[PDB]
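See below for the structure under consideration.
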Amino acid sequence: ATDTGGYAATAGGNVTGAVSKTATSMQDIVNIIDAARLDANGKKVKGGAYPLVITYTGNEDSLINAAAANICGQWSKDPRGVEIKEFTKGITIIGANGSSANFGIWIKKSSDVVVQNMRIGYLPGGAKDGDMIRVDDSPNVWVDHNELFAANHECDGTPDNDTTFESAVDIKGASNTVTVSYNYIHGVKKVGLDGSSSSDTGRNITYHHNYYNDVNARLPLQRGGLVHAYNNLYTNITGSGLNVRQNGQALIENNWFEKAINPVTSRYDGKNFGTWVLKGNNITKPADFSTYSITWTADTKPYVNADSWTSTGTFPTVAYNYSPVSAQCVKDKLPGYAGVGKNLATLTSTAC
């Protein structure tokens with residue numbers, strides 16, 4: 001099946017002729033991918049010779065725990081990450097229950113990639129692009145059921161005072177269709193952008209069933225295109241949530257917002273404000289702000305906040321087939337489906 005509940009339509013490496021391999025470490029993954037590029041005669045095949053399903057059984061809790069104890073010592077270390085560059089035969093990286101990684105996954109110019117059940121946290125190298133997950137010029141990518149975390153904190157003396165830790169899920173370039181679902185993202189200052197600059201506008205991204213807790217900003221920082229955010233649990237947002245920019249369009253439905261500052265806004269450009277269609281969220285009118293502790297702030301440049309909590313534009317017909325649960329149900333149940341070790345469980349109406 002290729003249904004991801006969002007714009008990405010992929011089965012990753014779970015296709016016909018897929019070869020399954022077990023990675024017990026970061027290096028194993030690197031080696032497995034390199035080998036997957038060679039045909040029967042040892043010659044290299046552009047985009048990969050065969051589809052892969054890599055089960056990662058490694059555990060790096062020691063690194064994570066050491067890092068959690070010395071937060072400000074991470075940014076200056078060398079970044080660590082597996083690069084999945086120009087691999088298009090289809091690939092899935094599934095963490096085994098109990099596995100953990102203190103390294104990221106950087107997807108570049110690939111297609112049909114699925115990253116699931118990975119517990120990634122406290123990555124070193126925030127000053128040198130130490131992203132947890134990066135999707136660059138890569139369409140049909142599905143980031144599902146992962147736990148991405150660090151500390152929602154900025155240490156003193158870091159370059160640009162923004163490099164204590166890098167992003168959880170950055171999407172940029174021609175990553176035309178992407179689905180980010182069932183992830184448990186917590187303790188992350190910059191969750192993820194959708195377009196690296198003002199000129200990097202476009203893409204159709206879906207964020208569904210994610211549980212955000214204690215995050216500062218970018219859920220996402222959207223530049224153009226379309227974003228469909230449904231059934232997400234947004235709690236303890238310390239800066240801003242969905243920042244719809246460069247004329248992007250967003251459909252924000254059936255989500256639960258709580259203890260959030262500027263949950264839906266269009267700021268920092270001073271122009272080309274994006275639009276949003278609000279529906280089915282726990283907040284239905286400004287009266288609810290007080291109830292769910294939703295505060296708003298201004299910006300030094302022209303900006304637009306959804307403080308009137310009204311739709312400011314339109315949204316095209318949602319191409320795919322999805323069945324959202326109610327905002328209340330996500331609030332009640334979501335924490336038990338999002339993240340690692342939930343056996344890729346999905347929240348259905350029957351569970352409400």
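Chains: A, B, ... in order of the structure tokens. Residues: from 1 per chain. Ligands: from 1, in order shown.
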Fewer than 5 positions away in the same chain doesn't count, so skip those; otherwise give me all residues within 6 Å of stretch 243-248 of chain A, counting only C-alpha atoms, as a PDB file with N, CA and C atoms, in the first residue's frame.
```
ATOM      1  N   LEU A 221       7.655  26.155   9.379  1.00  0.00           N
ATOM      2  CA  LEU A 221       7.885  27.517   8.915  1.00  0.00           C
ATOM      3  C   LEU A 221       7.651  27.185   7.435  1.00  0.00           C
ATOM      4  N   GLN A 222       6.478  27.528   6.915  1.00  0.00           N
ATOM      5  CA  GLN A 222       6.115  27.218   5.536  1.00  0.00           C
ATOM      6  C   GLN A 222       6.372  28.334   4.542  1.00  0.00           C
ATOM      7  N   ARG A 223       7.007  27.993   3.432  1.00  0.00           N
ATOM      8  CA  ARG A 223       7.257  28.963   2.391  1.00  0.00           C
ATOM      9  C   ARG A 223       6.572  28.489   1.124  1.00  0.00           C
ATOM     10  N   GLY A 224       5.412  29.089   0.851  1.00  0.00           N
ATOM     11  CA  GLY A 224       4.647  28.731  -0.326  1.00  0.00           C
ATOM     12  C   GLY A 224       4.035  27.353  -0.233  1.00  0.00           C
ATOM     13  N   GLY A 225       3.539  26.875  -1.360  1.00  0.00           N
ATOM     14  CA  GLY A 225       2.939  25.555  -1.406  1.00  0.00           C
ATOM     15  C   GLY A 225       1.691  25.378  -0.571  1.00  0.00           C
ATOM     16  N   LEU A 226       1.439  24.129  -0.218  1.00  0.00           N
ATOM     17  CA  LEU A 226       0.282  23.752   0.569  1.00  0.00           C
ATOM     18  C   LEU A 226       0.751  22.930   1.730  1.00  0.00           C
ATOM     19  N   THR A 265       0.392  31.887  12.622  1.00  0.00           N
ATOM     20  CA  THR A 265       0.803  33.249  12.311  1.00  0.00           C
ATOM     21  C   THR A 265       1.516  33.307  10.958  1.00  0.00           C
ATOM     22  N   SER A 266       1.824  34.519  10.524  1.00  0.00           N
ATOM     23  CA  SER A 266       2.556  34.765   9.289  1.00  0.00           C
ATOM     24  C   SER A 266       3.400  35.962   9.682  1.00  0.00           C
ATOM     25  N   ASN A 272       3.777  39.325   1.837  1.00  0.00           N
ATOM     26  CA  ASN A 272       3.374  38.075   1.186  1.00  0.00           C
ATOM     27  C   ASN A 272       2.861  37.056   2.171  1.00  0.00           C
ATOM     28  N   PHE A 273       1.933  37.498   3.005  1.00  0.00           N
ATOM     29  CA  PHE A 273       1.364  36.646   4.032  1.00  0.00           C
ATOM     30  C   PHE A 273       0.640  35.473   3.421  1.00  0.00           C
ATOM     31  N   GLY A 274       0.770  34.318   4.059  1.00  0.00           N
ATOM     32  CA  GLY A 274       0.090  33.134   3.571  1.00  0.00           C
ATOM     33  C   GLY A 274      -1.323  33.108   4.124  1.00  0.00           C
TER      34      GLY A 274
END
```
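The environment of residue A:341 within 8 Å, counting only C-alpha atoms and disregarding residues fewer than 4 places along the same chain, consists of residues 97, 98 and 117 of chain A.
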Kindly save the residues from that selection, with N, CA, C and O atoms included, as a short mmCIF file (atom, residue, chain, number, x, y, z; two decimals), in the first residue's frame.
```cif
data_model
loop_
_atom_site.label_atom_id
_atom_site.label_comp_id
_atom_site.auth_asym_id
_atom_site.auth_seq_id
_atom_site.Cartn_x
_atom_site.Cartn_y
_atom_site.Cartn_z
N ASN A 97 12.22 -2.17 18.00
CA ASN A 97 11.78 -1.63 19.27
C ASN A 97 12.96 -1.71 20.24
O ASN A 97 13.66 -2.72 20.29
N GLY A 98 13.27 -0.59 20.89
CA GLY A 98 14.39 -0.55 21.81
C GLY A 98 15.66 0.03 21.21
O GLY A 98 16.65 0.23 21.91
N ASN A 117 9.82 4.29 13.19
CA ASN A 117 10.19 3.78 14.50
C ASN A 117 11.62 4.08 14.99
O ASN A 117 12.22 3.29 15.74
#
```
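In this comparison, which uses only C-alpha atoms, the residue of A:24, A:343, A:100, A:152 approaching residue A:185 most closely is A:152.
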Next item on the list: Determine the nearest neighbour of residue A:156 from the options A:73, A:234, A:113, A:213, counting only C-alpha atoms.
Entry: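 Nearest to residue A:156: A:73.
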Margin query: Using only C-alpha atoms, which protein or nucleic acid residues come within 10 Å of stretch 313-330 of chain A? Drop anything in the same chain fewer than 2 positions from it, and give the result as an MDAnalysis selection string.
Written below: chainID A and resid 3:9 208:211 226:228 230:233 248:257 274:278 280:283 310:311 332:337 347:352
Please, could you write that set of residues out with N, CA and C atoms as a short mmCIF file (atom, residue, chain, number, x, y, z; two decimals), in the first residue's frame?
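File out.cif, as written:
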```cif
data_model
loop_
_atom_site.label_atom_id
_atom_site.label_comp_id
_atom_site.auth_asym_id
_atom_site.auth_seq_id
_atom_site.Cartn_x
_atom_site.Cartn_y
_atom_site.Cartn_z
N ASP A 3 -0.60 4.39 0.61
CA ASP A 3 -1.30 5.40 1.39
C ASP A 3 -0.59 5.75 2.70
N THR A 4 -0.27 7.04 2.84
CA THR A 4 0.39 7.54 4.03
C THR A 4 -0.49 8.49 4.83
N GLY A 5 -1.71 8.76 4.34
CA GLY A 5 -2.60 9.69 5.02
C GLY A 5 -2.24 11.13 4.67
N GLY A 6 -1.42 11.28 3.63
CA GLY A 6 -0.99 12.60 3.22
C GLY A 6 -0.53 12.59 1.79
N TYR A 7 0.08 13.69 1.36
CA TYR A 7 0.55 13.85 0.00
C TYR A 7 1.56 12.81 -0.50
N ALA A 8 2.44 12.32 0.37
CA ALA A 8 3.41 11.31 -0.06
C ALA A 8 2.70 9.99 -0.32
N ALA A 9 2.98 9.39 -1.47
CA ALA A 9 2.40 8.10 -1.82
C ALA A 9 3.58 7.14 -2.03
N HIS A 208 0.36 15.03 10.08
CA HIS A 208 -0.80 14.49 10.77
C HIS A 208 -0.46 13.54 11.89
N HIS A 209 -1.24 13.64 12.95
CA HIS A 209 -1.09 12.80 14.12
C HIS A 209 0.25 12.94 14.85
N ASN A 210 0.86 14.12 14.77
CA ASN A 210 2.11 14.36 15.47
C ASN A 210 1.77 14.94 16.81
N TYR A 211 2.62 14.65 17.77
CA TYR A 211 2.48 15.13 19.12
C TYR A 211 3.70 16.01 19.38
N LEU A 226 1.44 24.13 -0.22
CA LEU A 226 0.28 23.75 0.57
C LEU A 226 0.75 22.93 1.73
N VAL A 227 0.10 23.10 2.87
CA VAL A 227 0.40 22.31 4.05
C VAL A 227 -0.94 21.89 4.62
N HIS A 228 -1.09 20.61 4.90
CA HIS A 228 -2.30 20.08 5.49
C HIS A 228 -1.90 19.53 6.85
N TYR A 230 -3.45 18.10 10.19
CA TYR A 230 -4.65 17.58 10.84
C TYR A 230 -4.34 16.56 11.92
N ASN A 231 -5.18 16.55 12.95
CA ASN A 231 -5.04 15.63 14.06
C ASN A 231 -3.70 15.67 14.82
N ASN A 232 -3.08 16.85 14.92
CA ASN A 232 -1.81 17.04 15.65
C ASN A 232 -2.11 17.57 17.05
N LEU A 233 -1.28 17.21 18.02
CA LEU A 233 -1.48 17.69 19.37
C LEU A 233 -0.35 18.69 19.61
N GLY A 248 1.90 30.93 1.16
CA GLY A 248 1.58 29.52 1.26
C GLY A 248 0.12 29.40 1.68
N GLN A 249 -0.44 28.21 1.48
CA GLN A 249 -1.82 27.94 1.88
C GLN A 249 -1.80 26.78 2.85
N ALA A 250 -2.55 26.89 3.93
CA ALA A 250 -2.59 25.83 4.91
C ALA A 250 -4.01 25.51 5.31
N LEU A 251 -4.28 24.22 5.51
CA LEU A 251 -5.58 23.75 5.96
C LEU A 251 -5.28 23.17 7.33
N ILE A 252 -5.80 23.83 8.36
CA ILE A 252 -5.55 23.43 9.72
C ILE A 252 -6.82 22.88 10.34
N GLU A 253 -6.92 21.55 10.37
CA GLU A 253 -8.12 20.94 10.88
C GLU A 253 -8.06 19.84 11.93
N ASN A 254 -8.98 19.94 12.89
CA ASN A 254 -9.14 18.97 13.96
C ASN A 254 -7.89 18.75 14.75
N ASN A 255 -7.23 19.83 15.13
CA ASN A 255 -6.00 19.73 15.92
C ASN A 255 -6.35 20.21 17.31
N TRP A 256 -5.48 19.91 18.26
CA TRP A 256 -5.67 20.37 19.63
C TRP A 256 -4.50 21.30 19.97
N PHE A 257 -4.79 22.56 20.32
CA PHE A 257 -3.76 23.52 20.68
C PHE A 257 -3.91 23.85 22.16
N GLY A 274 0.77 34.32 4.06
CA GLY A 274 0.09 33.13 3.57
C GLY A 274 -1.32 33.11 4.12
N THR A 275 -2.07 32.06 3.80
CA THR A 275 -3.44 31.95 4.26
C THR A 275 -3.70 30.64 4.98
N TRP A 276 -4.78 30.63 5.74
CA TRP A 276 -5.16 29.44 6.46
C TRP A 276 -6.66 29.22 6.49
N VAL A 277 -7.04 27.94 6.46
CA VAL A 277 -8.43 27.52 6.55
C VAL A 277 -8.49 26.78 7.89
N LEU A 278 -9.21 27.35 8.84
CA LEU A 278 -9.31 26.76 10.17
C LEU A 278 -10.62 26.02 10.33
N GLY A 280 -12.59 22.56 12.79
CA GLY A 280 -12.60 21.43 13.68
C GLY A 280 -11.58 21.38 14.80
N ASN A 281 -10.83 22.45 15.02
CA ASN A 281 -9.82 22.45 16.07
C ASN A 281 -10.49 22.59 17.41
N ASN A 282 -9.74 22.40 18.50
CA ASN A 282 -10.34 22.54 19.83
C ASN A 282 -10.72 24.00 20.03
N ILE A 283 -9.99 24.92 19.39
CA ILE A 283 -10.26 26.35 19.47
C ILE A 283 -11.15 26.67 18.27
N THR A 310 -10.19 33.12 12.33
CA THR A 310 -11.06 32.98 11.17
C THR A 310 -10.19 32.56 9.99
N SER A 311 -10.79 31.91 8.99
CA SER A 311 -10.11 31.50 7.78
C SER A 311 -9.78 32.76 6.98
N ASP A 332 -7.09 13.12 23.93
CA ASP A 332 -7.22 11.99 24.82
C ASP A 332 -6.29 10.83 24.48
N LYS A 333 -6.31 10.44 23.21
CA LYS A 333 -5.58 9.29 22.71
C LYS A 333 -4.23 9.42 22.01
N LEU A 334 -4.02 10.49 21.25
CA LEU A 334 -2.79 10.62 20.48
C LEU A 334 -1.48 10.21 21.14
N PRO A 335 -1.23 10.62 22.39
CA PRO A 335 0.04 10.24 23.04
C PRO A 335 0.35 8.72 23.10
N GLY A 336 -0.66 7.88 22.85
CA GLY A 336 -0.46 6.44 22.88
C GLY A 336 -0.26 5.81 21.51
N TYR A 337 -0.28 6.63 20.46
CA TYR A 337 -0.10 6.16 19.09
C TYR A 337 1.12 6.76 18.39
N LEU A 347 -4.45 5.98 15.05
CA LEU A 347 -5.64 6.35 15.81
C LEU A 347 -6.84 6.44 14.89
N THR A 348 -7.81 5.57 15.13
CA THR A 348 -9.01 5.53 14.33
C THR A 348 -10.17 5.97 15.21
N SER A 349 -11.29 6.27 14.56
CA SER A 349 -12.50 6.70 15.25
C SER A 349 -12.97 5.65 16.27
N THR A 350 -12.80 4.38 15.92
CA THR A 350 -13.21 3.28 16.80
C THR A 350 -12.48 3.28 18.14
N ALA A 351 -11.35 3.99 18.20
CA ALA A 351 -10.55 4.07 19.41
C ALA A 351 -10.91 5.30 20.23
N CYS A 352 -11.87 6.08 19.74
CA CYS A 352 -12.26 7.30 20.42
C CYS A 352 -13.38 7.15 21.46
#
```
Next item on the list: Please measure the separation of atom CA of residue A:123 and atom CA of residue A:165, giving the value in Å to one decimal.
Entry: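 Computing the Euclidean distance for atom CA of residue A:123 and atom CA of residue A:165 yields 6.9 Å.
Shortest atom-to-atom contact with residue A:133 among A:167, A:262, A:293, A:312: A:167, counting only C-alpha atoms.
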Next item on the list: Would you mind telling me which residue in A:182, A:50, A:212, A:309 lies nearest to residue A:91 when using only C-alpha atoms?
Entry: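 When distances to residue A:91 are compared using only C-alpha atoms, the smallest one comes from A:50.
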Helix (DSSP H, G or I) residues, from DSSP on the backbone, in stretch 43-270 of chain A, as a compact mmCIF listing (two decimals) with N, CA and C atoms, in the first residue's frame:
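Written file, states_0.txt:
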```
# COMPACT_ATOMS: atom_id res chain seq x y z
N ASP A 61 21.92 4.76 23.55
CA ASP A 61 21.45 5.44 24.74
C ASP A 61 22.55 6.10 25.51
N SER A 62 23.71 5.47 25.56
CA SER A 62 24.86 6.00 26.29
C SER A 62 25.26 7.40 25.82
N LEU A 63 25.24 7.58 24.50
CA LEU A 63 25.59 8.86 23.87
C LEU A 63 24.49 9.88 24.19
N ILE A 64 23.24 9.46 24.00
CA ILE A 64 22.09 10.31 24.27
C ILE A 64 22.08 10.77 25.73
N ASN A 65 22.22 9.83 26.66
CA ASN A 65 22.22 10.13 28.09
C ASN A 65 23.38 11.01 28.50
N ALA A 66 24.54 10.81 27.88
CA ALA A 66 25.70 11.63 28.19
C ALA A 66 25.40 13.04 27.71
N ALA A 67 24.86 13.14 26.49
CA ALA A 67 24.50 14.43 25.88
C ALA A 67 23.44 15.19 26.68
N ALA A 68 22.41 14.48 27.13
CA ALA A 68 21.33 15.10 27.91
C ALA A 68 21.86 15.73 29.19
N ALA A 69 22.99 15.20 29.67
CA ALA A 69 23.64 15.68 30.90
C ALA A 69 24.56 16.87 30.67
N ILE A 71 24.17 19.35 27.77
CA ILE A 71 23.49 19.96 26.63
C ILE A 71 24.34 20.93 25.80
N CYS A 72 25.06 21.80 26.48
CA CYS A 72 25.86 22.80 25.80
C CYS A 72 27.18 22.31 25.23
N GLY A 73 27.44 21.01 25.32
CA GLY A 73 28.67 20.50 24.78
C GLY A 73 28.46 19.84 23.43
N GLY A 126 25.20 20.86 16.17
CA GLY A 126 24.21 21.87 15.86
C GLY A 126 24.80 23.05 15.11
N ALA A 127 26.11 23.28 15.25
CA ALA A 127 26.76 24.39 14.55
C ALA A 127 27.15 24.02 13.12
N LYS A 128 27.07 22.73 12.79
CA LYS A 128 27.43 22.27 11.45
C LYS A 128 26.38 21.36 10.81
N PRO A 159 27.29 29.88 17.73
CA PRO A 159 27.29 30.71 16.52
C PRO A 159 25.86 31.07 16.12
N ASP A 160 25.61 32.36 15.90
CA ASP A 160 24.28 32.86 15.53
C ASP A 160 23.21 32.64 16.60
N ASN A 161 23.63 32.25 17.80
CA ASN A 161 22.73 31.97 18.92
C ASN A 161 21.51 31.19 18.46
```
Check: Tell me, which residues of stretch 60-285 of chain A carry DSSP strand (DSSP E or B), written as a ChimeraX atom specification?
Finding: /A:81-85,91-95,101,104-108,113-116,119-121,133-136,141-144,147-149,169-172,177-181,184-190,193-194,204-208,211-217,221-223,226-230,233-237,242-245,249-253,256-261,264-266,275-279
Leaving out residue A:186 and any residue of its chain fewer than 6 positions from it, which residues lie within 7 Å of it when counting only C-alpha atoms, given as a PDB file with C-alpha atoms, in the first residue's frame?
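What follows is the written file selection10.pdb:
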```pdb
ATOM      1  CA  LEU A 148      12.803  13.286  17.765  1.00  0.00           C
ATOM      2  CA  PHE A 149      14.001  15.210  20.819  1.00  0.00           C
ATOM      3  CA  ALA A 150      16.659  17.311  22.493  1.00  0.00           C
ATOM      4  CA  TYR A 212       4.525  18.285  19.721  1.00  0.00           C
ATOM      5  CA  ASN A 213       5.530  19.088  23.267  1.00  0.00           C
ATOM      6  CA  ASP A 214       7.861  21.831  24.476  1.00  0.00           C
ATOM      7  CA  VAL A 215       9.005  23.254  21.192  1.00  0.00           C
TER       8      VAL A 215
END
```
Note to self: With distances taken over only C-alpha atoms, which residue among A:36, A:264, A:188, A:54 lies nearest residue A:154?
What the structure shows: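 Going through A:36, A:264, A:188, A:54 one by one, the smallest distance to residue A:154 is for A:188.
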Checklist line | Near-residue A:34 list (12 Å; only C-alpha atoms; drop same-chain fewer than 3 positions) as a ChimeraX atom specification | finding: /A:27-31,37-39,42-50,52,82-87
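Each of A:102, A:291, A:175, A:216 was compared to residue A:196 using only C-alpha atoms, and A:175 turns out to be the nearest.
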Note to self: I'd like the neighbourhood of residue A:92 as JSON, numbers by chain, where a residue qualifies if any of its atoms comes within 6 Å (using only C-alpha atoms), though same-chain residues fewer than 3 positions away should be ignored.
What the structure shows: {"A": [12, 13, 53, 113, 114, 115]}
